[PDB]
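At position 14 of the sequence shown the residue is numbered 31 (the numbering used here), and the sequence of numbers has no breaks.
Ideal placement from N, C-alpha and C gives every residue a C-beta, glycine not left out.
Working notes for the structure below.
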Amino acid sequence: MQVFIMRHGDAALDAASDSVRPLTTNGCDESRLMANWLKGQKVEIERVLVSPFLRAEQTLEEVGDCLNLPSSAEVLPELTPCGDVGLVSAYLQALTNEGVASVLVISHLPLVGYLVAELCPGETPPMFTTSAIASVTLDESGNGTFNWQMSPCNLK
Ligand SMILES: [Ca+2]
């Protein structure tokens, strides 16, 4: 199963509180940039998992505007910055055994980095710039391979 791990886009520093910080114009722009790149890669997203935080959901909105995404999305509490990478890993393994062919995961630091390591043996937490995407091929036994990583700058 193809897993695409994405860090939410650039977000405003100030808001009533952290969970509600909106995306910035640039954050939107770059998120659409990465979305179109994926579209050009013949990427077909079957399932979507997103953090409950506004910046994650908005990144999803923006992406969904350029890439054909599922009508629904699953808002996961464990995708927040302090999310339990173990439960995220298990959720992904579940979908893998379910038959799901591909999933797009939109989250935050430091979770995104740890998630890749947790899923892929021998890998250290990679560095994620905003809107950057990590590709991981996960098998039924929870064994994942870190394929590549793409960021708005390596396209820009
Ligand atoms: Ca469009």
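Is residue i helix, strand or coil by DSSP?
i      : result
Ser36  : helix
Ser106 : helix
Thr147 : coil
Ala28  : strand
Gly161 : strand
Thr113 : helix
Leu155 : strand
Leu172 : coil
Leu128 : helix
Starting from the C-beta of residue i, find all residues in its chain whose C-beta is less than 8 angstroms away, skip the five residues before and the five after it, and write them out in chain order.
i      : result
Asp101 : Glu95
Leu30  : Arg38
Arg49  : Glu79, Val80, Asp82 and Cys83
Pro169 : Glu47, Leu50, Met51, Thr146, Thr147, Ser148 and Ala149
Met144 : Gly130
Relative to the alpha-carbon of residue i, which residue among the options has its alpha-carbon at the smallest distance?
i      : options                          : result
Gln19  : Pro138, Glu61, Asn85 and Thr141  : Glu61
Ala111 : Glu47, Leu155, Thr146 and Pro138 : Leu155
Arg24  : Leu86, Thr42 and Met167          : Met167
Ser36  : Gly116, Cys99 and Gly139         : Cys99
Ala33  : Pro138, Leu109 and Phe70         : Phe70
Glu47  : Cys137, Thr147, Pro87 and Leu128 : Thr147
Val117 : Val65, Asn85, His125 and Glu140  : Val65
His125 : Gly139, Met144 and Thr97         : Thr97
In whole angstroms, what separates the C-alpha of residue i from that of residue j?
i           : j      : result
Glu74       : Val67  : 6 angstroms
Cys45       : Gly161 : 29 angstroms
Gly130      : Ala151 : 9 angstroms
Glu115      : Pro142 : 27 angstroms
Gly57       : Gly103 : 32 angstroms
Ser158      : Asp27  : 34 angstroms
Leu86       : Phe21  : 13 angstroms
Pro127      : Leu93  : 16 angstroms
residue 174 : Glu63  : Outside the displayed span of the chain (18 to 173) sits residue 174, for which this structure offers no information.
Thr41       : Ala149 : 16 angstroms
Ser89       : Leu132 : 23 angstroms
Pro138      : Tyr108 : 18 angstroms
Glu91       : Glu140 : 27 angstroms
Among the residues of its own chain, which have a CB less than 7 angstroms from the CB of residue i, if the five just before and after it don't count?
i      : result
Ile123 : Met23, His25, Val67, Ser68, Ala73, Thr76 and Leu77
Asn164 : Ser152, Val153 and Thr154
Given residue i, which residues of its chain have a CB within under 6 angstroms of its CB, disregarding the five upstream and five downstream residues?
i      : result
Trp54  : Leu172
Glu135 : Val102 and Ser106
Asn43  : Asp27
Inset, instruction - Identify every run of the beta strand (DSSP E) within the segment 28-93, keeping only runs that are complete inside it and at least 3 residues long; order them along the chain. - result: The qualifying runs are 64-67.
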